[PDB]
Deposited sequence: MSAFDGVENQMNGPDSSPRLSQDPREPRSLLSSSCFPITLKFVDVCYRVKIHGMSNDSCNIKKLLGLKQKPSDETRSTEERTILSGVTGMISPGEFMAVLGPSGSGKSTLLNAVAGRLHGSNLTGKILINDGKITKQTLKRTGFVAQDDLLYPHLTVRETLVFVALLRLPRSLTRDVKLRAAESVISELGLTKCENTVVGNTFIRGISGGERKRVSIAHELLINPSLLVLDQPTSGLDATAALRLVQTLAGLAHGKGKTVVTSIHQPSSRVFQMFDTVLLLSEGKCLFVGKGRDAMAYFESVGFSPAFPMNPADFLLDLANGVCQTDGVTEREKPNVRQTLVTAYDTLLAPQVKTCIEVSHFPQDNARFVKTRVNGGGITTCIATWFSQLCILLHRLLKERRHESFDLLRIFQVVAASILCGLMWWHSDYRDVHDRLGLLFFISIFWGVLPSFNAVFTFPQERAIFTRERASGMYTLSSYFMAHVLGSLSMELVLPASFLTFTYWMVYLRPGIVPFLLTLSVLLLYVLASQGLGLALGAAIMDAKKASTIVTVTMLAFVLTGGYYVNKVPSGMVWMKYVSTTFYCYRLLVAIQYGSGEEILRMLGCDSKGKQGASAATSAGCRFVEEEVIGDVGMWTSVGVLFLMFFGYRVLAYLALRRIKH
């Protein structure tokens, strides 16, 4: 009911220039201060630079283009201050397969301060549904362009409640009432004004068509016009200003309509906007800037990480329930396995050259299949992972060990369904011990080759550009794999040791043909089991690749900090 950790936002001489395809100035000398307990509205035409100003003061724009001082409590934007900052963008990026209640319950479980009952977090999640009026669309999905779900004015309020279930100190909303009608925008502005006045927060909105009652609820007003600001001050002090300059309406009208006609160059009675720029820069802006220079300012760390892992994994399983593309994958891999078992039906144990071809086609198949599906994991989560990474929703370790743990359920049943037909139709080395060793080596090789597609795809966050890198990489792995080229040059025999197909192929041949004595009694001293690498330094390098490719996939997602 009372205040919180206060944030005083100060932006001093913010400029932003882009390069044409000289420069053009999107913002040029914006200066203001938003104290705690204040409700600022950023008004302006539809070209001004309001979303770049609100992306600059939320820490979402940075680089060599910005030329200003964004000071949160007289210090720069750290990651410790981006956790108490809630940013509602214009574009609403939500997960399409969860419902509204499943979305807001996951946000309330992740972001609320964790020294609370689960029932208190769920009651806080349903207390913001009833505040924004999301009760009729509570159990409706939040679908895509293709998936028809909730409305477009309910998708905005779901995104607002997404950042109300943080309890932030600085709330930066970019056009929150665009998409709501005349009486839900009034209730939303009443909610935000209650957050600013009662709870002592710092709310910064960019409202675009405010009513005359909605304009009365703002403390300060920043009027923007083509980057250059025209007015910083109280809302009730506007229209007492501009009569010192000489601009007054001919009709009793809305203050926002008049203040947005002046920002375009219309008075409804010759250089109106330049007159207002020169009038703001000499009568109002130094008195603003002298006002802003005088403002001076372990055992549960495992349980939090495991709760984040369980919440992220349970969300990850809730969106693969929408797809029924799991019986087609099984019925096609089983069909390919019946094909591979029927082509080698007349194969015998004594035909070693006929069976090393089968044991190499298995290594081609289960190195090409998982590695080419794993390049869609991280590129298809890019637009939401960037937003929830900039927001500070979770740690990267809990997010990474949920696509890892979420992939180890059907990438272990597809080679197990392949092998139970292909092993016994071809009738390889009989017994439960070689069958289970072949299954273990195949399940290890699938996880080792899946990490290659994870890493190529975390490094290149595009599933089309990564699908041609991983194709040539896996074909180079198949080429230096052991079945092709006889007289390899002496300078290129080292290239098979970085291949992951080589170790699986050597392990399968060593399981099938033992050590090289039970087949030579029956009859291939260089191509089969007699080789250089052993059976324990081939599972060691497969485990090393299984861990190292996921370490590289984690380090490639660590570069995305924005």
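According to the record, C-alpha coordinates are lacking for deposited residues 1 to 31, 53 to 78, 327 to 334, 363 to 378, 605 to 623.
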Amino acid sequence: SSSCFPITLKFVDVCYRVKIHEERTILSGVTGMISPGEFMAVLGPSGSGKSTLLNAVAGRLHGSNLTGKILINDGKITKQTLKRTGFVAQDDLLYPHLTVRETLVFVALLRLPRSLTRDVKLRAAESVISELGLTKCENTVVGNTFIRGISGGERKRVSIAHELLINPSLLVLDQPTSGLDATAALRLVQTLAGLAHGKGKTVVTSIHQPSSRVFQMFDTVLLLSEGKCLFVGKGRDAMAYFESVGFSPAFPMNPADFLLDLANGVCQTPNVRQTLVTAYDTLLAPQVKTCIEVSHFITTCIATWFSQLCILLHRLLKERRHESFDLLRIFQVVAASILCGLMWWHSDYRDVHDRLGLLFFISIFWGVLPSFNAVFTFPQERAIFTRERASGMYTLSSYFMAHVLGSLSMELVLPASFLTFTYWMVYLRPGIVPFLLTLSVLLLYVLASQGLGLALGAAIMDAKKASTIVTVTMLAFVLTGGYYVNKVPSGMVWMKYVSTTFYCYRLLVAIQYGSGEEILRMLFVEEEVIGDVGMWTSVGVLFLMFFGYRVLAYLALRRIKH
From here on, numbers count along this sequence of modelled residues.
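Omission of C267 is seen in a third or more of the other entries compared for this protein where the adjacent residues are built.
Compared with other entries of the same protein, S347 falls outside the group left without coordinates by a third of them; all model it where both flanks are modelled.
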